[PDB]
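Engineer: Here you go, one structure.
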2 protein chains.
Amino acid sequence: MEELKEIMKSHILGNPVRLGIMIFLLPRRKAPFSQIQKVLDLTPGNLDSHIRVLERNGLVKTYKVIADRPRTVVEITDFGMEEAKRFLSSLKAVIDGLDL
Amino acid sequence: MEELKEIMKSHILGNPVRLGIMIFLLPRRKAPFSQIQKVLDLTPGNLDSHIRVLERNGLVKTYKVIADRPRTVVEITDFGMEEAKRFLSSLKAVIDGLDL
């Protein structure tokens, strides 16, 4: 019951959309906002809101690359990578205990 | 990328609180509202709202047991059990592919 509550209280990383964004970035480190939006089939508006939540919590960082091809890049931070791994590991442990 | 989107679109079962409630019920089948509230450290108000979302989607069912000890019982439905397992299996597959 103690590990279940841990997962239940992860309101930031637990959200299915944010979790997917973090899993997407885990192996890639960074990607243009426009690519994430298209590949994960999200509207620019929803993606934007989730990105803000993640960045306010230091899980990702965003910056404009105006090297003359305007693009906003989303990058997972070192903290973001570790937090995601911790959360994914806790989730894996709970699932393994269920025997599916 | 196809399985990631599947998990990201599970707005009902994906929510960390609802997921925890379903994982709690998976091995127990049913429990009094009051027990779930206390063991998962949730306020009666938040639990109530999540339960309504789950019940409107046929994942759980609720009923009052007035056998002269008034209590609301929360029970996971057969559909709820299968949907949860499907979602948990998809989640497990994504995690295994990450190599943690």
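By order in the structure tokens, chains are A, B, ...; within a chain, residues start at 1; ligands start at 1, following the order shown.
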Tell me, as a PyMOL selection string, which residues lie within 12 Å of residue 48 in chain B, counting only C-alpha atoms; anything in the same chain fewer than 6 positions away does not count.
Structural biologist: chain B and resi 17-18+21+33-34+36-37+42+54-55+62+72-74
Engineer: Within 7 Å of chain A, which residues belong to chain B? Use only C-alpha atoms and report them as a ChimeraX atom specification.
Structural biologist: /B:4-5,7-8,10-11,14-17,20,40,88,92,95
Engineer: So how far away is CA of residue 28 in chain A from CA of residue 71 in chain A, in Å?
Structural biologist: 17.1 Å
Engineer: I'd like the contact shell of residue 57 in chain A - 10 Å cut-off, only C-alpha atoms, skipping same-chain residues fewer than 6 positions apart - returned as a PDB file with N, CA, C and O atoms, in the first residue's frame.
Structural biologist:
```
ATOM      1  N   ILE A  12       2.150  15.429 -11.279  1.00  0.00           N
ATOM      2  CA  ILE A  12       2.845  16.018 -12.424  1.00  0.00           C
ATOM      3  C   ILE A  12       3.235  14.940 -13.440  1.00  0.00           C
ATOM      4  O   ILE A  12       2.768  14.950 -14.579  1.00  0.00           O
ATOM      5  N   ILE A  51       3.588  21.339 -21.288  1.00  0.00           N
ATOM      6  CA  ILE A  51       5.000  21.715 -21.305  1.00  0.00           C
ATOM      7  C   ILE A  51       5.290  22.744 -20.209  1.00  0.00           C
ATOM      8  O   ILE A  51       6.319  22.670 -19.535  1.00  0.00           O
ATOM      9  N   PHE A  79      17.412  16.359 -14.291  1.00  0.00           N
ATOM     10  CA  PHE A  79      16.497  16.066 -13.193  1.00  0.00           C
ATOM     11  C   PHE A  79      15.275  15.348 -13.778  1.00  0.00           C
ATOM     12  O   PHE A  79      14.809  14.347 -13.234  1.00  0.00           O
ATOM     13  N   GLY A  80      14.763  15.872 -14.890  1.00  0.00           N
ATOM     14  CA  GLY A  80      13.612  15.259 -15.533  1.00  0.00           C
ATOM     15  C   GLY A  80      13.865  13.795 -15.846  1.00  0.00           C
ATOM     16  O   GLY A  80      13.023  12.940 -15.577  1.00  0.00           O
TER      17      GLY A  80
END
```
Engineer: Just give me the gap between CA of residue 70 in chain B and CA of residue 45 in chain B in Å, one decimal is fine.
Structural biologist: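 Value for the CA of residue 70 in chain B-CA of residue 45 in chain B distance: 18.2 Å.
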Engineer: Can you tell me how far CA of residue 76 in chain A sits from CA of residue 90 in chain B, in Å to one decimal?
Structural biologist: 23.3 Å
Engineer: Just the alpha helix (DSSP H) stuff from range 37-69 of chain B, please, per backbone DSSP, written as a list in words.
Structural biologist: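 Here is the list: residues 37, 38, 39, 44, 45, 46, 47, 48, 49, 50, 51, 52, 53, 54, 55 and 56 of chain B.
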Engineer: Select from chain A everything DSSP, run on the backbone, classes as strand (DSSP E), then give the selection as a list in words.
Structural biologist: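 Those in chain A that DSSP calls strand (DSSP E) are residues 30, 31, 32, 60, 61, 62, 63, 64, 65, 71, 72, 73, 74, 75 and 76 of chain A.
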